[PDB]
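Here the structure is laid out as structure tokens; the discussion comes afterwards.
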Amino acid sequence: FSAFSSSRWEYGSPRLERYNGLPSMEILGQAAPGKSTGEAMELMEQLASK
Amino acid sequence: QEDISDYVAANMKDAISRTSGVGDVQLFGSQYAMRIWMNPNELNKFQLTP
């Protein structure tokens with residue numbers, strides 16, 4: 001194999017995700033102890049907007 | 001026209017066809033494909049065939 005090949009070390013994803021047919025990454029989270037899910041999700045949307 | 005059609009096919013057609021209540025979606029165009037336009041004269045010059 002050394003006569004017709006070369007070796008390298010790269011980086012690759014061990015598992016790739018897709019959502020609705022497009023590449024995606026899933027993030028699980030929790031709202032603070034004293035905060036509601038709706039406001040936590042609104043904050044997440046606000047952060048993602050940037 | 002090719003660029004717009006490819007964008008619609010690769011970024012809009014799949015998600016629209018998967019929308020609730022949508023049946024058949026017809027593309028007024030076509031997605032990109034790697035087109036190899038062969039020259040018969042060049043093929044004959046090098047004794048090659050498709």
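Side chains are part of it too, since the values below use all heavy atoms of this structure and drop only hydrogens, waters and symmetry mates. So that the names make sense, note that chain A is the first sequence line, chain B the second, and so on, each numbered from 1.
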* Asked: Is B:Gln31 reaching over with its side chain to a backbone N or O of B:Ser5, donor-acceptor style, under 3.5 angstrom?
  ->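 It does not hold such a pair.
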
* Asked: Quick one: does A:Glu39's side chain have a donor or acceptor within less than 3.5 Å of a partner on A:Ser36's backbone?
  ->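 Yes, the answer is positive, given that a donor and an acceptor are paired below the 3.5 Å cut-off.
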
Please tell me if the side chains of [X] and [Y] come closer than 4.5 Å, counting only heavy atoms from C-beta onward.
X       : Y       : value
B:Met34 : B:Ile36 : yes
B:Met38 : B:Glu42 : no
A:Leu43 : A:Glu45 : no
A:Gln30 : A:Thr37 : no
B:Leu43 : B:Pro50 : yes

* **Steps toward side chain to side chain contact (heavy atoms under 4.5 Å, CB included) verdict (A:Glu26, A:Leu28)** => CA-CA 7 Å; A:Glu26 198 195 350; A:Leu28 295 160; 3.9 Å; yes

Give me the atom names and distance for the closest heavy-atom approach of [X] to [Y].
X       : Y       : result
B:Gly29 : B:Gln1  : CA-NE2, 4.4 Å
B:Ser17 : B:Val25 : CA-CG2, 3.6 Å
B:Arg18 : A:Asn20 : NH1-O, 3.6 Å

* **Whether over 12 other heavy atoms sit under 6.0 Å from A:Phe4 CZ** =>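 Correct, the count exceeds 12.
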
What's the spacing between [X] [atom1] and [Y] [atom2] if we round to 0.5 Å?
X       : Y       : atom1 : atom2 : answer
B:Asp14 : B:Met12 : CG    : CE    : 12.0 Å
A:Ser24 : A:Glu17 : OG    : CD    : 5.0 Å
B:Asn39 : B:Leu48 : CG    : CG    : 12.0 Å
B:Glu2  : B:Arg35 : CD    : CZ    : 9.0 Å
B:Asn11 : A:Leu22 : CG    : CG    : 8.0 Å

